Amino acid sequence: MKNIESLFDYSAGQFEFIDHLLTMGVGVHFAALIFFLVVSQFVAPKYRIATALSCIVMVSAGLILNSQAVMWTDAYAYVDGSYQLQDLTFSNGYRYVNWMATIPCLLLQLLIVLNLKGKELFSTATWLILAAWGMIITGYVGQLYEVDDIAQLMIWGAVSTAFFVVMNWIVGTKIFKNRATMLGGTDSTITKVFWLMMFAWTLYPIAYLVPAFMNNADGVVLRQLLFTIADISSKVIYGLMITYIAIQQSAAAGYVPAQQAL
């Protein structure tokens, strides 16, 4: 009842489009899961955890998208020409809780292919995960107010954005100071990964703000469309680039299975 989805009835077209976006997302993530599993054998031991992390991200996100899809169909029934709320079973809060797990995985796979190790790896991962959890937790509290108190959504969102900015500064600083260590020309690729991340991750706060600027049933659809674009870009496309970097550096380091695969 704290999310705008509960305020509206939906046309068949709106309801089915949201359902199809979520189910398509499930399929894309589980198809990518198989790809990452199969190619892990072509990654040198030093980087193989990066591809395993993509597998974990695919199943984590795919399970949450599947849960959202079933919750969506459980919550609404077609009555008198529209889909109307029957049960309090749908909310976006499950996405936020899941980010507590998937964001650390996405960040850790980056640090691994950047060739960080030992104390710098552990220290950098700790600050990044704390910053990310601060961003997620404050955003989670903010969206509890997207119906009742837009001013509160905005203030928690400002606090969350401060964590996002500091997190991005840590990431960008480590990338630019370490790309010279990267093998096989991936010093160029990693810069594109950073820009892909900046673009894709910024779509999430835009979705968070939909209740402030498009508080209607079409805004509900737009938010799910933005989450879909952002999920595929930040998890699947990003994961494919991380895997490319991992295989390319593996081959440059003399790992035969990587050399033959390329």
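All residue numbers refer to positions in the sequence shown, first residue = 1. Just so we're on the same page, rigid core means the largest C-alpha set that superposes within 1.5 Å between forms.
- The segment moving more, judged by mean Cα distance from this form in 7 other deposited structures of this protein after a core overlay, is 83-91 among 164-172 and 83-91.
- Looking at mean Cα B-factors across 17-25 and 247-255, the upper value is held by 247-255.
- Mean C-alpha B-factor is higher over 117-125 than over the other stretch, the pair under comparison being 117-125 and 188-196.
- The PDB entry assigns its highest CA temperature factor, among 212, 203, 236, 63, to 212.
- Highest CA B-factor among the listed residues (167, 175, 180, 108): 180.
- Ranked against the other modelled residues of its chain, the C-alpha B-factor of residue 144 as given in the entry falls in the middle third.
- Split the chain's modelled residues into thirds by C-alpha temperature factor. Residue 91 is in the highest one.
- In this PDB entry, residue 161 carries a Cα temperature factor that places it within the lowest third of its chain's modelled residues.
- Split the chain's modelled residues into thirds by C-alpha temperature factor. Residue 101 is in the highest one.
- Ranked against the other modelled residues of its chain, the C-alpha B-factor of residue 216 as given in the entry falls in the highest third.
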